[PDB]
Structure formats: structure tokens, C-alpha cells
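Report on the following structure.
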Amino acid sequence: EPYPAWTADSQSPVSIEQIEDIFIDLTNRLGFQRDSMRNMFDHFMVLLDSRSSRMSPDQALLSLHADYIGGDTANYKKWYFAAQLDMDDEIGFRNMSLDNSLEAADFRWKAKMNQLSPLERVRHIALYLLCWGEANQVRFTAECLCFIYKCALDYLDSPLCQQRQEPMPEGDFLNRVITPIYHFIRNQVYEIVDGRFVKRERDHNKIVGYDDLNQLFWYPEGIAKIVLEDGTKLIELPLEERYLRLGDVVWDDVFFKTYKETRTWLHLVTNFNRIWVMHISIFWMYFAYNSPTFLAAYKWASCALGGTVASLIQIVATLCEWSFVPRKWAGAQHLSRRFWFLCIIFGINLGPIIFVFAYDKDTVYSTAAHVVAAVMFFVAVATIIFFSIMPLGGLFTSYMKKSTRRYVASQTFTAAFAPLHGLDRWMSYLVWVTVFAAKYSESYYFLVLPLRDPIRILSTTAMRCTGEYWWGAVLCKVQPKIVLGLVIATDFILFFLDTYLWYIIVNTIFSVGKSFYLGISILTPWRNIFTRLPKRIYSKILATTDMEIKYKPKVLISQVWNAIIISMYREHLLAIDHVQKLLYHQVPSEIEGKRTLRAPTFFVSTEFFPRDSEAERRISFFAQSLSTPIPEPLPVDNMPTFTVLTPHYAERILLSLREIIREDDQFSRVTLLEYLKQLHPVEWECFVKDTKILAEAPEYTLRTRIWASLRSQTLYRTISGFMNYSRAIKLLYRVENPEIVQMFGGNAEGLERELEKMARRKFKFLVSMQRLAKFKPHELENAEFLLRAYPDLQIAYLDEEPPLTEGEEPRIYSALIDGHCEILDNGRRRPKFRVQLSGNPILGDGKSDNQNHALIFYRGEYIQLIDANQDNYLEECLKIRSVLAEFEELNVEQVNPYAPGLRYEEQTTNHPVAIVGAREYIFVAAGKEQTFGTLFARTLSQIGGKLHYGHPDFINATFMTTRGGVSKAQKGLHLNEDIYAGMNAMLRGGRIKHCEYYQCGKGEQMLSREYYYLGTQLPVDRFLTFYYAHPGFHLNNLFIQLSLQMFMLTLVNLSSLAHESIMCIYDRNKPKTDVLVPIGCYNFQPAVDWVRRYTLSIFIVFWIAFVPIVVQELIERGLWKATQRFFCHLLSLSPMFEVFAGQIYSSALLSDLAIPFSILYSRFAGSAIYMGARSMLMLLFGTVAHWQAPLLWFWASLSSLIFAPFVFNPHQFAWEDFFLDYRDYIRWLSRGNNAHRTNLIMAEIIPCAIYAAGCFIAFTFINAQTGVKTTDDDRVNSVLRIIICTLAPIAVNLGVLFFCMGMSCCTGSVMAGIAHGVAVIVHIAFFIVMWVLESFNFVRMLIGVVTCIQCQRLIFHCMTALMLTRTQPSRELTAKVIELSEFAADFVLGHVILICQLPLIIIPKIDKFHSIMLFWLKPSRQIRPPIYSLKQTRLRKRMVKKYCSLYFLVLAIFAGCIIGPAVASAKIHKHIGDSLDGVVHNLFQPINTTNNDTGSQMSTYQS
Ligand SMILES: OC[C@H]1O[C@@H](O[C@@H]2[C@@H](O)[C@H](O[C@@H]3[C@@H](O)[C@H](O[C@@H]4[C@@H](O)[C@H](O)O[C@H](CO)[C@H]4O)O[C@H](CO)[C@H]3O)O[C@H](CO)[C@H]2O)[C@H](O)[C@@H](O)[C@@H]1O
Ligand SMILES: CCCCCCCCCC(=O)O[C@H](COC(=O)CCCCCCC)COP(=O)(O)OCCN
Ligand SMILES: CCCCCCCCCCCCCC
Ligand SMILES: CCCCCCCCCCCC
Ligand SMILES: CCCCCCCCCCCC
Ligand SMILES: CCCCCCCCCCCC
Ligand SMILES: CCCCCCCCCC
Ligand SMILES: CCCCCCCCCC
Ligand SMILES: CCCCCCCCCC
Ligand SMILES: CCCCCCCCCC
Ligand SMILES: CCCCCCCCCC
Ligand SMILES: CCCCCCCCCC
Ligand SMILES: CCCCCCCCC
Ligand SMILES: CCCCCCCCC
Ligand SMILES: CCCCCCCCC
Ligand SMILES: CCCCCCCCC
Ligand SMILES: CCCCCCCCC
Ligand SMILES: CCCCCCCCC
Ligand SMILES: CCCCCCCCC
Ligand SMILES: CCCCCCC
Ligand SMILES: CCCCCCC
Ligand SMILES: CCCCCCC
Ligand SMILES: CCCCCCC
Ligand SMILES: CCCCCCC
Ligand SMILES: CCCCCCC
Ligand SMILES: CCCCCCC
């Protein structure tokens, strides 16, 4: 018997016979495929059965007609009111507010659909379904389908076609109006070569995709660009004669690009322009206030000048946005009409300032110069507030004239955000008001106020040196100012980290506080969740409130709790003597003889679960998750149907048999069977017990296959353990209604058949086996076994068939095979349906296409789309009637969507819910426990919303199918393949909520076109919430790294200034003896104290935003480790010990986010090492020149970043694997061998030149002698040293290369060997010559080496960029030179690293310790080869002993290169060399001069 909720009622308007005739009529008179008509007829009736199972059929049909075409929710009405009768701006106006006109048409539409007959509505819905089920891959472009549907309906509703009596040929709709569009889509890629298709290589800015292809149908002036074959526009023809000529149009003169994304940094200035306005514009005022050194009017005038900057960003953003949209495409006049209103505000804000600034000096105008400057400070505060609110894409729009288009993007498909009202609307303002209040309040007292003394000191004090030779002392006189500039600049980036710092705190405080105020899970009443289980199971899993005959509320709970436990036992998770204490036992009544129900001892108040196993983990969560409020479920006779999708490219259905044993000692450990036995050694015993009991053969082989496949990672386990929905639905049905059992008691087969029939009508499984036609003969047997095991599965695959005639592409179908179909002699089943596609439906590279070709067969109302590896245990598979109630449609009352009056302000179902994610974060003794809970909460709140925006689990099919698909992938767009659907269903109108009582079971997109639609149009609270989660987290990790390279550049300048000064001794209590006791000195102690207050605040932002993830990634073990650490540090150094222990976290994180030395070192060089060395030399110079106390907190961090990958290797430190690794390293080193274009050159040259000038300036000043009291004609001429020590090694390399080329002209291994040998030695010797030139002074030599390295790097980069921007011998010279120079660095830098491990090998036994530590870290299927005989042992010892001598000789050479000048610095006691006229005092003039010219001396000049 057929669909029983529509066909078996006496109130349905139309019968199935009158429904099938309509589907046959349209097929006959339009040419739809016969197998697609038979498919959509079943999909339309299943969808009408379920929705009519909880209401009346007369209302079910109306609700279906109001959700596909015609209601306020349907996408067709929204397209009709926006691209067929204009009226796009009147929709944006209404949304902002929350004869022609708008009501005069909305009322007409609403009163026209109200007088339709039930037999006339079916004809409307079927026409949409038949088009949607056949237009392949045009489903990604929703609007094309609406246009085609309108054309077809117009043709069918004209009286002319009625007289014609010959029907269109079959397969016409596909070969005539759908195939040209697909041919256009495919040809934008995949150029044809001689025989096949290959990926055409072209710039990713001339490739139109689906987003550009469907965007043409949003405007009436976009629809009017369709040109036919002959040349005329398509609008000329009448409405009725427009469908026939729809195959003549050429889709190549009609489609354009419409976004055209540019460079990356040009997008961030115009998308998030409300973050650069409320930070920079206030950082200006804060400093301009307390900086009098550049009266009282000038103070307010210079503070109010910060309203000009708050408008300059708003001008430079509109100017950048001018280069995204096309020229004349709708939404361009608004840019030009807004650029001329921004200039007026800029002019007004800059006007009176020019007056007040330069018209005040000692004239009679003080009366009218303070009033004009006090009002500008209040005008330039209105501008800052008005530009931090009021989205960029929507301001100055009320005042605009009619024009044509008022907005820049469509306000009905790009901006329809759900209002989010209720209580969250009020709790969303508070979170941001408090955050910004706290940030702006404490960022002024601890970051800007204590910086007003160094500003006054450093801006006035002047130096006295001799100076250089080409520019005298003009550069050494203004040093303090150069230091002050860098100090402010590096404190402008630390102003952006603070606001992300406060967002973490104020978002955890609210979560904890509200979860306490709601009283859910207060403290931890652990013996309460188990205490009251039955009352919760009787009201949250059974729908008894509408079942009546209230009787025996314990037998039902008994049945449910017995089944849930017996299943766990059957999975071999509990012992047989263990389940007896954990089950509802029934015992006969000794009083009379009747029956009695008992309860478990576990369950009223002893190894209840074995050693905190998976059984404990599951029964804990199941009982703990019923506390949270859960909506009341419906009876199992009224729940809607649903479906499960799963893709499959190439996975393993089963373990085979050769793969289970194989060979043992050729990989890790032994055979996989014994591996699994060792991993889980109790259920193997349960399995063998059951096998013996059954045996009380190949089938044993099959059972072993099954037992292995349920473990490891296959596709059979997902299907086997994910089909528990069927068992749950049968169990709930039989438990709920007992009368059905008694009517035919004694017929177990009949009862089973009834239950199966009911549970087969409410759950469908669908797996999309792509490329099933070309499986191997062994691989197809597993697929054939799946259908035999479960005779209700459904598979969809891509068939194929030879072309009709030679020369054309083959025709490929799309087929579905069930498990109840009859088998053929070929060994394959007859497909139930076969729909012809229009070509290879795979053009991308993701899984989107595979999900798309099989989305036709999705019968139901909701979809759970899963991955290829899921668990979904049975206990969490029982509350499926409650998670489907999040889609709040099950308990409502229908209100006849079409009705007179009731305008669109007082409706309720306006924003339906689209996606429903699942709960993804899986979890003084009392004080320690509370602190641990708070730390876990803080760790969760980091990803409480970060990874939870659009991760989809359930999908509203009706909503997310008529507009786009379930997910999209293309070469053009690139979001995440998984975050696109959730971020695109939010700005079409839908909502996104998520349940928290369900276990799931599991930048390059800054250039997207949806960040542009979101960050330019969202309201303020929503924009801040969106920004500080996805883009803000990625953009924060770039500021932390950028604010640690600006610090090393100011430390060098500020420590090269404290090394040549007297410093005016200063006490930090009350140093107001304003005589500056060393008399004549200049005090820099407050400036030097700034370093102490920066290291303190750069580690707070580290111990709150990077350490809490150690809990997440170390929750494996560490409770006992923490207990042991507390025991071993109960009376230790306390804070000092904790601080020193706060260094292993960086190493752990680095190694976790991170083996031969060659590969290990080459994988990290260029990302953490090449920067580490250059940032370590600078720190060494800084810590040698002045040695501030809080500077060794950087040494640990920089030393634990380049030593982490080399400490967590399995076997490295023993004695000889090290030397074999060294052998391999040496061999590899010997044979290693490694305005449209003005942005490429400046992308990587400007920051590499500023960083070089910053070091050159610091190097010149330390040589420029100060306080020396000499004559003018001394100077130092220190510039020439840099030129000598920079370009000379390049000259030597080039000369050697030329000489060796000539010698080859008149066995290249020796060539390379000698070249490398001289290249290393030249750099090592010119390291020494720079030390010699500075008269053997270490401190003023380190800064000479660093600047030489920087200048060489700059030269190489610029030369490479030039030689590739703009001759072949020149190329083969420059490339070789660059490689030969970089080889010396690659030979020195790593080789030093490998020397520092020398003292860590002399330990008599270290490998045992290291192995113990790494094994505690994790075991990984260990292995140890005992393959050792005399011959190779002798060879091993020979080679190991032979290379140790070279390893301890290179170390001696390096040590003798350093100790030499350190002992040769004593014998020499005079100046070295005397020259004149441009090289005078070339080496370094002073040998015994002093720089302490302080004391009673009253007036001296010493120029
Ligand atoms: O790229 C995608 C993935 O990015 C992952 O995050 C890493 C990010 O951690 C890395 O930044 C580090 C810096 O953190 C490090 O500076 C240290 C500070 O973090 C700390 O607070 O203070 C010490 C003081 O010594 C600093 O050294 O410096 C290194 C040096 O390069 C940076 O790498 O940057 C990576 C590339 O930008 C980035 O990938 C993220 O966790 C993943 O989720 C993401 O997929
Ligand atoms: C005194 C001895 C050393 C002489 C060093 C000669 C460098 C000669 C020039 C060069 O090689 O400079 C850089 C490499 O700098 C470095 O190794 C700096 C670290 C040096 C540590 C020395 C410790 C004693 C090239 O960097 P890249 O262009 O590779 O960076 C972009 C990514 N590819
Ligand atoms: C007003 C603030 C200006 C900030 C400019 C920052 C420039 C940084 C240049 C150096 C970056 C690191 C180069 C290795
Ligand atoms: C009743 C009006 C409430 C307005 C709330 C605005 C919140 C703005 C937060 C960010 C300010 C910079
Ligand atoms: C009159 C002397 C003015 C000197 C200004 C120096 C500014 C340095 C800015 C550095 C930014 C990275
Ligand atoms: C009036 C003298 C100006 C001297 C040149 C200053 C250049 C500053 C560049 C700073 C780079 C970090
Ligand atoms: C001050 C912010 C202006 C935009 C900064 C962009 C940083 C990333 C560039 C790649
Ligand atoms: C925008 C310039 C405003 C000039 C005001 C002058 C006032 C003069 C009062 C005597
Ligand atoms: C929420 C705190 C707002 C500012 C409180 C007062 C700060 C000090 C004013 C003197
Ligand atoms: C809400 C945090 C406010 C912090 C105020 C810091 C200054 C306290 C008074 C000096
Ligand atoms: C002169 C002070 C030196 C302090 C130690 C510098 C080297 C530290 C290596 C960890
Ligand atoms: C952990 C290493 C500590 C080194 C201290 C160096 C002190 C130098 C004082 C001049
Ligand atoms: C001295 C600073 C006063 C306040 C500046 C404007 C703050 C706007 C939120
Ligand atoms: C500082 C102003 C930059 C403006 C860039 C305009 C780019 C147009 C292609
Ligand atoms: C003494 C009269 C001063 C009036 C100032 C008016 C300023 C208007 C912007
Ligand atoms: C001399 C002090 C004048 C202060 C004027 C304040 C005006 C506020 C709108
Ligand atoms: C001088 C103290 C200024 C404090 C400003 C607080 C602003 C809160 C929005
Ligand atoms: C960036 C936050 C700095 C917080 C400093 C607090 C200092 C307390 C003594
Ligand atoms: C203000 C944005 C541009 C900054 C200079 C160019 C940076 C290129 C990496
Ligand atoms: C801090 C900006 C100063 C502007 C006035 C300079 C004369
Ligand atoms: C534009 C800010 C400075 C004005 C100076 C006028 C002399
Ligand atoms: C001196 C008071 C400091 C309070 C800090 C609160 C975060
Ligand atoms: C005469 C000035 C020469 C400057 C050279 C800078 C590298
Ligand atoms: C005194 C001139 C300005 C110095 C600071 C610029 C950031
Ligand atoms: C905030 C400006 C950053 C410029 C340098 C980017 C590498
Ligand atoms: C005459 C001033 C020259 C400055 C050079 C800075 C690199």
C-alpha cells in the first residue's frame, strides 16, 4: 500500500490519479526525460506525505505552495520583485526602517495567488520540480532557473500553443536550452588539445564563474543585454513567443566578470575601514594632548586636528573601492556622488584649524581664538563617532535623488541579515560597550601617560660629537629624536593587541556568569545526574504527554535502558559478569508468585565501569547531557522524514586479507592483527569466547575481516555504526505504543515486518560512490557485499555509454541502484532510475560536484550530510525527534499565508532557520579544581565561536536547495569548501543556530567577494563580532611578529646611545634634587626604563592568547604531571621557578606545530631560522652594550625557537647515529644545488631598506666620538669601512668565477669544491678585517657586522628583482653569484647549531632519558633493527672514526678564528697607520681618549 498519510484519508483535495496526469502532461508537451518525470513524481509525493503527517492535507499543500513559489519565504517572489518590476531600493529602505509605490503591488500579488484551485497549485509546483531535477550544474546558479521557469510558464499559459497537436521530441529541454549554458561554463576552462581536455592556464581574473554568471539576472538592465543569433535583443519578442527562441541566444557576448579582485593589502583598507578609524584617530589625540613640545588654544587646536585623519581614511577607502566594480554596471554613480560629500566634510573639518593655528600670535584675537578652537574639538568628536558607525556602503543614502540605482550592491540578495532580536539583541551591545570602555580607559594610564617624561627629555636634549668626514656632525646631533620616533612607532602597533586582549577576558566572564545565573551545572553535583535519570528519560526521550493512558512509568524506562546497555555489551565493551550489576532485573514475587521490577544498585546510589574506558565516557556524557533543557518530542508516527548523504572518492570498504598479516618486520612492529590485539586486549578475548561458543572456514575469515574493519578506519564501520537510526526508530515505536503489539501477539515475523515497514518510511541512506563503474574485480565484491549485508542502502554512480556516432563525446548517465532490485546475469543490478546529464559533471577539484550529481535522489525534508568517517553511537542516536525541532516548524499553527491585510511588519515566519550545527568542543584542592575549570573554559571560549560559524550538520532542504546548493567549489572562488555555505546562507535571509546536546562524532580568502558584502554592510555589533573571530585572529598573529622586529631595531639605537653618555644618576623613589648632580650631564634613565615596561606587556599578550591552547593539546595526560610538579615545587623559588618554567610552553607549541638533519633543517630554514639568527645577533649586541636586567626573557624565547625541532627527535644523541647524520649532511651540502607593476618591486624592497638604514645610522653614531674635546680636522670617516667590508667579497667571488671559467676554457666537482672553499674563506676573513679596523673592540664590531649582512641582503634582493623584471650570460653570472654567496651562510649557520650540541653528548647515558621522555610523549609502534654483523660493523666504526677528526678540526678552526684577535688585542699599544685627505683616521682614531667631560667645568665647546 502506498503513501499512507495522503492516499489513506478522505479529506485530500486531489487524488494521486489526478496528480500523475499533470506530471505526464508537462512531460508530453515540453520534452522532459521519461526517467526524470518518474523520479520527480516520487520526490514530490514523499515530500507531501511527511508534511501532511502533522497537519491536514489541505494545509500541507498550501504550505508547500507558499514555500517554493509565492510566499514571503520563496526565492521566486524575491527575484520577481527585484528583476521583473524593479523595486530593489524600496526593499533596502524597508529593511533600514526596521499607484506604483510598494504596497500597491505587494497587495496585488498577495490577492492574486489567494484564488487558485488545488488542482492548479500542483501544476505550479511540478513545473519547478521538473526543471530543477533536470538542469544539471545550473543548480549552482539559482536565478537562471527562475528566469527559465518564468519563460516556460509564460509559454504554457498562452492560447496559441494549444492548437498545435505535435509534441516536442524527448530530451528537448536538455539538448536545447540547458546544454549551451554548460558548454559556456566548461569552455572558460579546459582548452581542447589534440584529442582530450586539459586545464587551460590563464590569469585568474578573466575566468567567469557561477557567481558572475547568475549575477546578470538581478537587474532589468542586465536582463536587457541578451542578444539573439541574428542580432536583435531578446526583449523585442512578446512574452509568449520567448521560450522557443531561447536556444538561439549566444552566451558569449552577454557575460562579463563583475568583481575582478586586485592586490591583497588593497582589500583590507576598504573592507574593515571601521577598525582603522577608531584606533588611529584616537591614538592621535592621546599623544597630541600630552606633548606640548610639538599657550592653551594650540592644545585644543592640535587635539581637534584628529578629525581630519578620521576623514582621510574614509576618503582613501572610497577611492580604493573604485577599482573593484565595473565601469557602467549598476552601482557606480553612487561612488561619485559620495566622494563629493566626503570632501565637504574634510574641508569643514580642516577649515577653522588653519584660522586658529596661524592667526593667534600676540594680536587682539584671544577672545575669538579660544571659542573657535573649543568648538572644533567637539565637532571633530562627532565625526569620529559618526564614522565608526554607519556602514560605508550605506551612508549618505537617504539624501540621494531618485537617479537609477541608489546602492552599490543589490539589497535583496546581498543584505537581508536576520535582525537577531529578543535578549541576545540586548546582550550583544553590552559585550562591546564594556570592552571598548575598558580598553580606551586603561590604554591611557598604563601605555601613554608614563611616556610623557621621555617625550620632553628626548625632544630637547642635544648631543656633541665630532662626526663623520663627508657631513661633519649634522647627523650625530639629532640622535635622541631618531630614538624617540622609533619608540612611538613601535608603541603604535602595541595599541592594536590590547583590544584583542580585552575581548578574550570580557567574553569568558560573561559566559561563566550567565551559566551560573541560569543555574545549569552549578559547581559539580556529580552524584545528582546519575541520581535522577528516570525522570529525565521519561520526559526527554519519550513523548508521553500526548499518549494518554498514564500507566507504569517504569517498564518503559526499563526497556529503553536495557536495550542501550545490551547494545554496548554486544559491541564487546562490558564483561558478562559486569552487565549483571548494570541492568533492570525482574524477579518473581515470593509473596504471591507474580512478577516484580527491580532497579540496579548502580542506579540508586565497585568497578561499575572498567578503568575509565569508552563505556564510562559514553554513559557519563549521555547522563550529563539531559540536564540542559530539551524541546518536547513528537510521537514517532508524526516525525518528518530525512536523509543522510556521504561522498566517496577512493576509500577502503574492507581490510582484505593479505593486508591484515603481510610481512611483519619490514615496517613498524609486526602484523596489524597483533598490533590491534596489543592496542585493545580485552575484546579480542570476548570475541574468541563468542567464537568458541558459536563453534560449539572462510566464514571465520569473514568474521576476522569484520572485527578488524570495525576497528582501524574504513567505510564499512561508518555505514554499520551509523545505521543505528533504524534500530532506534523501531525501538521507540514499539515502546511508545503497546497496543499494536497485542493486536497480533504471537506473530514475531508479523511484528518485525510492521516495524520495518514503519522505520523504512522515515529514514533513507544515500552513499555517492563516484566511479563505481571502473572498480577492480576485488574492489567491486566489497560493494556487492554491502548490499547483501544491508538490503536498504542506496548507491549512485556515474555510468557511461559509447557515443551515438563516431566523433562525438560519449553520453554519461546518473544511475541509482537499491538493494531490493533484481540481479542480472552480468553480476550488476538494473538501475532504478537513469537520468542523462549534459557532459562530464566534474570540473572542480573538491567534493562539491560529487555531492551535486547525486543530490537529486534526496527524498525527505531535512538532510544530515556526513563525512566518510563518523561514529554516531546508539545512545546519542535516540534523541533524533528533538534535534529536528531546532528547525522550529514542528509546533506552530498555520495562518493561511495569503490573506487580505496583514502587511509585512506583523508576520512571524520571515527568517527561517537554515543550518543547525552541533556541539564541537568535547571535554587548596578546591581552588586548584576551580582554576582548572576556569582555564578549560577560557580555552573553549577561544574556539567557542572561532571554529563555529558555519560548520554544517543538518540542513533545511527546502530553504537551501531553491537558492544555490549545499556547497560550491570552483577554480575562481576559494573560501574553505566548508565555510562558503554558512556564510552565504546568512546574507540571503536565513538564520544559523546550534544545539548543545548532540555529539557530532568527527590568509587566502581575504580576497573573496563575500567579505566585501559583509564588512561594508553589517551593523556595528554584528561586524565587530564577525571581525574579531575569523579575520582578526589571523591578522593578530601578524602584528605580534611585526611588533618584535620593530623592537630589535629600536633596542640597537637605544643601547648605542646609553653606551656613550653619563646618565645623571637617578633613583626611582623621589629624585627631585633638580641639580643633575653630575652637573653638565643629560639624563636618559627614564628613556632606558622603557625597555622594562615593554617586555612585561609583550609576555602578557603571550600568556593569554597562546598558552591556553596547551591545555587543549596536552589534555592527554598531565594531571599526574601537575601533581608531581607541585610536589617538587612546594617550597621552591616560587614565582622565579614558575617564570623559568614558563619557557617550555613555547618549545612544546613549536614542536607540535612543526629524521635526517638535511631534511629537518631545510624544512624550517627561511621561516624560523634565517630570521632567528639575524634577530639573535642584534639582541647580543644590545645585551652586551648596556645589559638591562629584564632582557634575558628574550634569550630563552629566541633560543627555544631554533632548538625545538632538534630536541624532540626519537634517536639523536647517542653516539653514532649523530655522526652518520653528519656524514649525510656533508654529502648533501657537497651535492645540494638547492599603475600595474609598481607594486611588485615595492612589495619586498622598501621594508628591507628601512631596516638597513636603521642599522647604518646606529653604526655611524657609535663610531662618532662624543665628549672627546678635539679639533675640527679629525673626523672618523667610518662610512668607507662599510663599503670595503660589503662589496669586496662579491668582487672576489666574481673574479674567481671568471678565472675558473677561463681555466675550463683552457671534472666539475673540483670546480664547485674550490669555488665553495674560497667563498667561505673570503667571508670568514672579512669578518676578521672588520674587527681589526675598529682597533679590536667587540661592541663596536658586532654592529658593524650586522649592517654589512643587511646591506648584502638588500643588494641581492634588488639585483634579483631587477634581473627578473627586465643578456643570458648576465643571468647565469648573477644567479651563480647569489647562490655561491648564500652557500657560505648555509655552511656556517647550521654548522654552528650542530656544534652547540657538543656538551649534550658527553653524558655517559642520555639516550635512555630522551627515549623515556619521548615515549611518555607518545608511543608510535616502535621498532629496533638487530641487523649487525662483522663486515658492516667494521665499516661503521671505520667511517665514524674517520669523520670525527674533521668534525673536531672545523670546530678548532672556528675557535681559533675567535680567540686570535682576543689575545692579539694586548700586544699592540698604538694607533695603526696614519694617512690623510679622505682616508685620514681610517681605522679608528681614539686609542686612549676619554668621554667623561663632566664636573665643575662651566663652559666649553669641543666642536
Ligand atoms: O599559517 C596558518 C597556521 O598558522 C598558525 O600560527 C602560526 C603562528 O603561531 C606563527 O607565529 C609565530 C610567532 O608566534 C612567534 O613569535 C613568538 C610569539 O608568539 C610569542 O608570544 O613570543 C615569542 C617571544 O620570543 C615570539 O618568538 O614567531 C614565529 C617566528 O616565525 C612565528 O611563526 O606564524 C605562523 C606563520 O605566520 C602561523 O602559521 C596557526 O596556529 C594555525 O592555526 C594556522 O593554520
Ligand atoms: C660571519 C659569518 C656569517 C657570514 C654570513 C654571510 C651572509 C651573506 C649574505 C646572505 O646570504 O644573507 C642572507 C643570509 O643571512 C644569514 O644567513 C644571516 C645569519 C648568519 C648567522 C651567522 C652566525 C655566526 C640571505 O638571506 P635570503 O636572501 O636567503 O633570505 C630570504 C629567503 N631565502
Ligand atoms: C606610523 C607607523 C608606521 C609603521 C611602519 C612599520 C614599518 C616596518 C618596517 C620593517 C618591518 C620588518 C622588516 C624585516
Ligand atoms: C540603544 C542604542 C544602543 C547603541 C549601541 C551601540 C554599540 C556600539 C559599540 C561600539 C562603539 C565604538
Ligand atoms: C628634525 C628631525 C626629525 C627626525 C624625524 C625622524 C622620524 C623617524 C621615523 C621612523 C619611522 C619608522
Ligand atoms: C635634517 C636632518 C635629517 C637627517 C635625515 C633623517 C632620516 C631619517 C630616516 C629614518 C629611518 C629609520
Ligand atoms: C594600518 C593598517 C593598514 C593596512 C595594513 C595591511 C597589513 C597587511 C598587508 C599585507
Ligand atoms: C571659516 C573661517 C571663520 C572666520 C571667522 C572670523 C570671525 C571674526 C570675528 C571678528
Ligand atoms: C567603566 C569605567 C569607566 C571610567 C571610570 C572612571 C575612570 C576614572 C575617572 C577619574
Ligand atoms: C574596567 C577596568 C578599569 C581599569 C582602571 C585602571 C585605573 C584605575 C584607577 C587608577
Ligand atoms: C655579560 C652578561 C652576559 C649574560 C649571558 C649572555 C649569554 C647568555 C646565553 C644563554
Ligand atoms: C641563566 C644565566 C644567567 C646569567 C647571568 C649573567 C649576569 C651577568 C652580570 C654582569
Ligand atoms: C583627551 C582625549 C579625550 C577623548 C577623546 C575622544 C574619545 C572618543 C571616544
Ligand atoms: C595613497 C593612495 C593610494 C591610491 C591607490 C589607487 C589605485 C588605483 C588603481
Ligand atoms: C565674539 C563673537 C564670536 C563669534 C564666533 C562665531 C563662530 C561660529 C563658528
Ligand atoms: C573660555 C572657555 C570657553 C569654553 C566654551 C565651551 C563650549 C562648549 C560647547
Ligand atoms: C582623562 C581620562 C579619560 C577617560 C576617557 C574614557 C572614555 C570612555 C568611553
Ligand atoms: C597590555 C596590558 C598591560 C597590563 C599591565 C598590568 C600591570 C599590573 C601591575
Ligand atoms: C598602508 C598600507 C601600505 C603599506 C606599505 C606597503 C606594504 C606592502 C607589504
Ligand atoms: C603632533 C602633531 C603636531 C601638529 C602641529 C605641528 C606644528
Ligand atoms: C596643515 C597643518 C599645518 C598648517 C600650517 C600653516 C602655516
Ligand atoms: C593598582 C590597581 C591595579 C588594578 C588592576 C586591575 C586589572
Ligand atoms: C657622498 C655621499 C655618499 C653616500 C653613500 C651612501 C651609501
Ligand atoms: C618632533 C617631530 C616628530 C617626531 C615624532 C614623529 C613620529
Ligand atoms: C600595518 C602596515 C604593515 C606594512 C608592512 C606589511 C609587511
Ligand atoms: C647628507 C645626508 C645623508 C643621509 C643618508 C641616510 C642614509
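When the letters of the sequence shown are read in order and numbered with the deposited numbering, they come out as residues 146 to 243, 279 to 474, 488 to 798, 806 to 896, 932 to 1158, 1168 to 1246, 1267 to 1418, 1436 to 1515, 1555 to 1626, 1638 to 1697, 1724 to 1860.
Think of the CB as a built atom: it goes at the ideal place given N, C-alpha and C, for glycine as much as any other residue.
For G216, the nearest candidate out of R952, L694, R1138 (CA to CA): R1138
If you measure from each CB to the nearest heavy atom of ligand 12 and keep those under 7 Å, what residues do you get, in chain order? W1468, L1473
Closer than 7 Å by C-beta to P1037: which residues in its own chain qualify, once you throw out the five before and the five after it? Chain order, please. Hits under 7 Å: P1045.
Threshold first: 4 residues or longer. Then list the alpha helix (DSSP H) segments lying entirely within the stretch 602 to 684, N to C. Taking only runs of at least 4 residues, the alpha helix (DSSP H) segments lying wholly in the stretch 602 to 684 are 617 to 635, 646 to 651, 672 to 682.
So, does the stretch 1236 to 1245 touch the stretch 1291 to 1304, judging by three or more C-beta pairs under 8 Å? Because the criterion of three Cβ pairs below 8 Å is not met, the stretch 1236 to 1245 and the stretch 1291 to 1304 do not touch.
For residue 1264, which of helix, strand or coil comes out of DSSP? Note on the chain: numbering goes from 1246 to 1267 directly, and residue 1264 within that interval has no coordinates.
Cα-Cα separation between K745 and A756, rounded to whole angstroms: 18 Å
Could you tell me which whole alpha helix (DSSP H) segments of length 4 or greater appear in the stretch 340 to 381? 340 to 343, 352 to 356, 359 to 367
Taking 6 Å as the cut-off, is the C-beta of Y638 nearer than that to any heavy atom in ligand 13? No, the beta carbon of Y638 sits no closer than 6 Å to any heavy atom of ligand 13.
In whole angstroms, what separates the C-alpha of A823 from that of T724? Our two residues, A823 and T724, have alpha carbons roughly 10 Å apart in a direct line.
Please classify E235: is it buried, with 16 or more other beta-carbons within 10 angstroms of its beta-carbon, or exposed? buried
State buried or exposed for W664, treating a residue as buried only when at least 16 other CB atoms are found within 10 Å of its CB. exposed
Quick one: measure Cβ to Cβ for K1237 and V1148, integer angstroms, because I've assumed they're closer than 8 Å. Going by Cβ atoms, the distance from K1237 to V1148 rounds to 6 Å, so yes, they are a contact pair.
If you draw a straight line from the C-alpha of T501 to the C-alpha of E420, how long is it? Straight-line Cα distance between these residues: approximately 59 Å.
Can you tell which of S461, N1104, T841, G1216 has the C-alpha that lies nearest to the C-alpha of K440? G1216
Is any heavy atom of ligand 16 found at a distance shorter than 6 Å from the C-beta of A567? Result yes, Cβ under 6 Å from ligand 16.
Applying the criterion that 16 or more other CB atoms from any shown protein chain within 10 Å of the CB defines a buried residue, is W224 buried or exposed? buried
What did DSSP end up calling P1486 once you bin it into helix, strand or coil? Coil at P1486, not helix or strand.
Any chance the CB of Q866 is under 6 Å from a heavy atom of ligand 1? no
Using the three-state DSSP reduction, which class does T1289 fall into: helix, strand or coil? In this structure, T1289 counts as helix in the three-state DSSP scheme.
Can you grab the Cα-Cα spacing for the pair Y1785 / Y951, in whole Å? 43 Å
Give every residue of the same chain whose Cβ lies closer than 8 Å to the Cβ of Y696, excluding the five residues on either side of it in the sequence, and list them in chain order. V628, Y1292
Can you check which of these residues, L826, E816, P835, is closest to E741 by C-alpha distance? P835
With a cut-off of 8 Å on the beta carbons, I'd call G1209 and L1090 a contact; round off their distance for me. 7 Å
Tell me the start and end of each unbroken alpha helix (DSSP H) in the stretch 988 to 1024 that is at least 4 residues and wholly inside, in chain order. Counting only runs of 4 or more, we get 1012 to 1024.
Cβ neighbour criterion (16 or more within 10 Å) applied to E1096: buried
beta-carbon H1647 near ligand 2 non-hydrogen atom, thresh 6 Å: Not one heavy atom of ligand 2 falls within 6 Å of the beta-carbon of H1647.
Rounded C-alpha distance that separates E971 from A1153: 27 Å
Does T949 pass the burial test, meaning 16 or more other C-beta atoms within 10 Å, or should it be called exposed? buried
Pull up the CB-CB distance for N240 and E323, whole angstroms please, since I reckon it's below 8 Å. Wrong, their Cβ atoms sit about 20 Å apart, outside the cutoff.
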